[PDB]
6 protein chains.
Amino acid sequence: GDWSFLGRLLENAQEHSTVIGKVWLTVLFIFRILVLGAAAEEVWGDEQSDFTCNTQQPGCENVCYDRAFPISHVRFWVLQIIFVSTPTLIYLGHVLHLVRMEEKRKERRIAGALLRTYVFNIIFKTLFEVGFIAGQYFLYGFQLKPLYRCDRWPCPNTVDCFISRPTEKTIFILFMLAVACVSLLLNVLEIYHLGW
Amino acid sequence: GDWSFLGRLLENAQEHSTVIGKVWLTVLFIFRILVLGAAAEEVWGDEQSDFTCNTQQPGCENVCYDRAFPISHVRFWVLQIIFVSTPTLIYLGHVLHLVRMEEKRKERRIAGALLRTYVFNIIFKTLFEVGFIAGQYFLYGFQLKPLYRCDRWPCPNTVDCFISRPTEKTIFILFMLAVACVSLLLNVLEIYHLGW
Amino acid sequence: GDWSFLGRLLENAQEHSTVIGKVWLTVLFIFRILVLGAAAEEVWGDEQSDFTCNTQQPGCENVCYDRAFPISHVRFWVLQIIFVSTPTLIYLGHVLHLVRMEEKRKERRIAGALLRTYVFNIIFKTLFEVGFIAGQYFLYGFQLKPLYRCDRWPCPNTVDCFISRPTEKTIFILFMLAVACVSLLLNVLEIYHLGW
Amino acid sequence: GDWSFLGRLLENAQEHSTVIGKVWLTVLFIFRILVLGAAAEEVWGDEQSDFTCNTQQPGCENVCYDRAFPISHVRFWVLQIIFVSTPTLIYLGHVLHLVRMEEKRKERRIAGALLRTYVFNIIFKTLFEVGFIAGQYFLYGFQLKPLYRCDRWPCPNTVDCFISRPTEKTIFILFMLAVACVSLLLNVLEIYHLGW
Amino acid sequence: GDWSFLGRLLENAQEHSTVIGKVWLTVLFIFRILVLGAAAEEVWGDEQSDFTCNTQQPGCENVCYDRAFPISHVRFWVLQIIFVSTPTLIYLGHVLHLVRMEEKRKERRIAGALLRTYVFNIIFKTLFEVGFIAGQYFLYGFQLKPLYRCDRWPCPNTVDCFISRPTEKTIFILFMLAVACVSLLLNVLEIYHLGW
Amino acid sequence: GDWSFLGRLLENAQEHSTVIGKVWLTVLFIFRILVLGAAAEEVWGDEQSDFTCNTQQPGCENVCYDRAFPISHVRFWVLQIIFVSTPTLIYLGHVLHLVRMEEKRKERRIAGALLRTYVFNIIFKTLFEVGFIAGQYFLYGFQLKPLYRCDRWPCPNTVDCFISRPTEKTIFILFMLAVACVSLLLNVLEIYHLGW
């Protein structure tokens, strides 16, 4: 995963953002992207190769892994990172557009319409963070149990399947939840600093 | 996959493009290339190694995987990215050619022929996006089912084969479809902003 | 693991830090991050693939590895690196904030509030280093024995499981402990140089 | 595969090349190098690991894969890329040599000998492209069939072996052929634009 | 293994070092780091996966590999590189400290204390090189034999285990020994050039 | 394998080298380093994993691979590249030393001693290229046969072992031989251009 281009754009957003916004971006880079690439990806590397079911039925392990893990937590976190970054890019684009328009007018910061877009950016960021949190909760909860009981065809009756690294995965699930909640708190602080 | 050179050329196109065009390029970088490299490639990594068939026939799994997946979705998306980028490079080359010709004439933006080429770029982009969408539909549909029934020689009679990660793959198929459709909408908006 | 962004921010902190602080950062880069990426990650690469249990029970090896290693040492060290870096980033952010405020005031180092934040940075760094050391001790100790005895369900009775590379892992555990203790000594020297 | 150095030299050639030459280089970068690294290498990754023969004879699969695939298509394409790039480097070296000689003479573009070398570059490029095309044809054709029949010792009698991903490989074979033919057309256009 | 940061610091040391010191650094980069990353790491890649023991005893191969190879040669060489680099960083830090102090004094090379630190750097470098050489000798010798006889529990009686690539590993062991001895000679030449 | 640092130093040598020397360096970068990293490394990737022997004897495959391949061709080529580069670095160091001495004298190209060192560089380059060629010949010849007959203990009597990819490996052996011989011819041309 090469996050270079998103990083380069979000550092530009850092130049035009509030101090709390700069904190939020630093959290995104260090506590989400960096952890994901240095720690979590490895943890989940053997998610299917080390997933085992007590059965001689061909195809059962495939369908049972798929049912247990419709989307890997790491993929979900990648999507979450991209969506919570997107409004920042929208605001930065509006910034660059107004700067280029100003340069043109000359040939021939946060107030006004730019402040309205900034605050909308903070709102959409908040809603997307909340949505991904709640989706993670309703899909997986905040804990991975070692045992998964599977009755999906072709599996005969109910089969016992065993997860790879349930405890380490639970640790990182809770870590990422905490980081997301810190991000929400930062957004709320941005909207209370702007309000005040 | 190293997209550095294409990125460097498309950022140049960003300098000479319309605001909606800049949005389109940002979508290309963040929602297609970045997702492909950070999420999808991994999902499809074990497409054949985890593909299983209920048979003792040597060679059956090979032919059945090949019939089920004549071209992996990720390869198709790579090709799609390159073709929908190509017209942008054509327009940028015409731009650079006219700039160098202007420098020469001095030694010894979007209107005129450059606007005609820009609009042709938007047209070919649209047609290629549509073509890849329709091709994906007629080849795979927009869903991967866990079970694939295969009767290709040497397989005896009909054999049951099981896909790796059908649900995660379906999620990303639909995600990439949505991103492609957003790109089409952006192209249409470019041609309506230029028209108006 | 791409530590580029954290490195780029901590080199900025190096520009605004004390000489002992510069030593601390150099230790972080060379004796923790570099070792982790060049040596330790490889050592732990086959932590589960080479973990073996004397049993025919499906799922036992999974649960036994998970119980023996709730979180891999390398993941723990990654987290430790990030948390002991975080206060440095806080102090650097306060620095940049005051510099930007000074530039603004002009339009329209370690003393004062900046020295208070610096010393708080050294305090939190110390507490986090100590906390990770003590956590490592209470979780794993400072030695990995080849034999792990496991009675976790589904394992029948008690099962003998064997670790991958116990001795090399012990060497690197003790190396990382020594590096952490050197870091603590450096922090103490920072607070005694500032006191004097 | 790190193509950085060749890229850096060919972009210099881009600075001193004709517009059609610039198109040719862009095709080389985007439709050959980028595809090879982002798509094809992966397709061929399991060329031998997923190659299967219906036999209990030790060593047969090795010799049969070797006979079927004396050189992998991807290696052949790497060589082709390097050889069709080489004349460009020769011309660029002559350019730099004349520029340095001019600087020396001062201390103490395409006409003349430089145009003769340019046209020889286009000729050798054409001949090498044609040679690699014809070699690919006589070695493999333009299609990979799933079944390979092998009678090489130690294989007893004739053995049935099955290819990995024959259809995807055929798609990329034909794609690379088309790209090579487009390159030939571009060379011919360079020599007709220079002639006219 | 990403040696970028250590390289960047040691090139700074190159700017402030003696000609023989520059030779030493070049040897470090080309004959130790580059070889380690381009050749040796691969040789040792399958050190445990290809290590085989003639036994049906679960866990024996694990304990026997661990006893034969308490620390892989490549990890040892990484540590050696870092420790023999460390004094160079100390000297460079003293250099930068004196330069910054000089700039401060202005606001408000090798002689003196800087020469004393340089010579201490050469001394510690020598002692660390010697220590790693002697440690390698007492741990492994300068040759890896194909056969390792193991009686460690759970192995029943004495078991015959076979090493991966003993001869290639011996070649690289002797190569790295020779490079270390060349480094020692260079240090001795530095101290004799400084003495004279 | 990261050749960045050697490349950066050899491009400096390119700035101070003869035109034929520049050709030699370009050959080194494009036809040796680039091929090695983009093509050959992959070919040899499964050298031991796909090496098979017709035996039930534990340890025989290990010893037989080791006897057949005491050092992999790719490792040998890496060493060859480094040694044939080394004299270039020596000459470049002498160049930089004289330039720094000139700057010092001012404070307080190829003729003279610099030409003597240049010609010695060409001589050592030639001798090392010849030595590696002859060593490759006496060790492996210029062809890898599929069958290797092995009688090394523990193998009972004589065992038949089969090589991975003998034909592709032979192709690349002959390619690298041809490239080395071209390099020798270039050296001879350097010494005849200097002589004349």
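Being hydrophobic (A, V, I, L, M, F, W, C) and either in contact with a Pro (Cβ under 7 Å, 6 or more places away or on another chain) or closer than 21 Å to F:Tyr91 by Cα (or both) is a condition met by at least one residue of segment E:44-60. Taking segment A:118-134 as the range and being under 18 Å from A:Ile173 (Cα atoms) and either among the β-branched types (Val, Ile, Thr) or crowded, with 16+ Cβ neighbours inside 10 Å (or both) as the test, the residues that pass are A:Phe128, A:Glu129, A:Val130, A:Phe132, A:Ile133. D:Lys169 meets each of the listed conditions (1) away from chain B (no Cβ under 14 Å); (2) surrounded by 18 or more Cβ atoms within 10 Å (Cβ to Cβ); (3) within 30 Å of F:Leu147 (Cα to Cα) apart from (1). Report yes if some residue within segment C:13-26 is part of a helix (DSSP H, G or I) and either facing chain A (nearest Cβ under 8 Å) or more than 30 Å from C:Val188 (Cβ to Cβ) (or both); otherwise report no. Within segment C:13-26, none of the residues are part of a helix (DSSP H, G or I) and either facing chain A (nearest Cβ under 8 Å) or more than 30 Å from C:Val188 (Cβ to Cβ) (or both). Scanning segment B:82-107 for residues that are in contact with a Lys or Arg (Cβ under 8 Å, 6 or more places away or on another chain) and either of a type in the set (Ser, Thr, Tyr) or surrounded by fewer than 20 Cβ atoms within 10 Å (Cβ to Cβ) (or both) yields a count of 2. Among residues of segment D:50-64 that are within 10 Å of D:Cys161 (Cβ to Cβ), those with a Cβ under 7 angstrom from a residue that is polar (S, T, N, Q), sequence gap 6+ or separate chain, pair up as D:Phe51/D:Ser164; D:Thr52/B:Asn62. Among residues of segment F:52-69 being in a helix (DSSP H, G or I) and of a type outside the set (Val, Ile, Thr), the one that is surrounded by the fewest Cβ atoms within 10 Å (Cβ to Cβ) is F:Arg67. The residues in segment F:165-196 that are within 21 Å of F:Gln48 (Cα to Cα) and not aliphatic (A, V, I, L, M) can be counted, and the count is 7.
For segment A:91-139, the set of residues classified as among the acidic types (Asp, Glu) and within 22 Å of A:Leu25 (Cβ to Cβ) consists of A:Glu129 only.
Checking A:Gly7, A:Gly1 one by one, the residue that is within 13 Å of chain B (Cβ to nearest Cβ) and outside any helix (DSSP H, G or I) is A:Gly1 and no other.
Is it the case, given these coordinates, that E:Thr167 is polar (S, T, N, Q) and touching a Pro at 6+ places or on another chain (Cβ under 9 Å)? Walk me through it before giving the result.
Details: polar (S, T, N, Q): yes; touching a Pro at 6+ places or on another chain (Cβ under 9 Å): yes.
Judged against the criteria, E:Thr167 is a match.
Scan segment D:115-166 residue by residue and report those that are on the phi > 0 side of the Ramachandran plot and within 14 Å of chain B (Cβ to nearest Cβ). Break it down into steps so the answer makes sense when it comes.
Narrowing segment D:115-166 to residues on the phi > 0 side of the Ramachandran plot: D:141, D:157, D:165.
D:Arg165 - this is the single residue of segment D:115-166 that is on the phi > 0 side of the Ramachandran plot and within 14 Å of chain B (Cβ to nearest Cβ).
Within segment E:99-121, the residues that satisfy the criterion of being closer than 27 Å to E:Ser183 by Cβ and part of a helix (DSSP H, G or I) are E:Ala113, E:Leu114, E:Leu115, E:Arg116, E:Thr117, E:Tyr118, E:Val119, E:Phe120, E:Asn121. All of (1) closer than 30 Å to E:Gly59 by Cβ; (2) within 14 Å of chain F (Cβ to nearest Cβ); (3) assigned to a helix (DSSP H, G or I) hold for E:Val179 with one exception: (1). Considering the conditions (1) surrounded by 21 or more Cβ atoms within 10 Å (Cβ to Cβ); (2) within 14 Å of chain F (Cβ to nearest Cβ); (3) out of contact with any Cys (no Cβ under 8 Å at 6 or more places or on another chain), E:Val43 is excluded by exactly one of them, (1).
In the set (1) buried (at least 20 other Cβ atoms within 10 Å of the Cβ); (2) at the interface with chain F (Cβ under 10 Å from one of its Cβ atoms), E:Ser49 fails one condition alone, (1).
Is it true that E:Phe31 is assigned to a helix (DSSP H, G or I), aromatic (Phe, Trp, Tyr), touching a helix residue (DSSP H, G or I) at 6+ places or on another chain (Cβ under 6 Å) and facing another protein chain (nearest Cβ under 9 Å)?
Spelling it out, E:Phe31 is indeed assigned to a helix (DSSP H, G or I), aromatic (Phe, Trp, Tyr), touching a helix residue (DSSP H, G or I) at 6+ places or on another chain (Cβ under 6 Å) and facing another protein chain (nearest Cβ under 9 Å).
The combined condition, being closer than 19 Å to C:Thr170 by Cβ and surrounded by fewer than 21 Cβ atoms within 10 Å (Cβ to Cβ), is fulfilled by E:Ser72.
Among the residues of segment C:52-102, what is the count of those that are over 22 Å from C:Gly141 (Cα atoms), at the interface with chain A (Cβ under 7 Å from one of its Cβ atoms) and under 18 Å from the mean Cα position of the chain (by Cα)? Matching residues across segment C:52-102 total 1.
Take the residues of segment D:140-180 that are touching a strand residue (DSSP E or B) at 6+ places or on another chain (Cβ under 8 Å) and not hydrophobic (A, V, I, L, M, F, W, C): which is nearest to D:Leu28 (Cα to Cα)? Residue satisfying both the conditions and the ranking: D:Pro146.
Any read-out appearing in this document is the output of simple, stated calculations on the displayed coordinates, not a laboratory observation. As a convention, Cβ positions derive from the backbone with ideal geometry for all residues, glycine included, and neighbour counts pool all protein chains shown.
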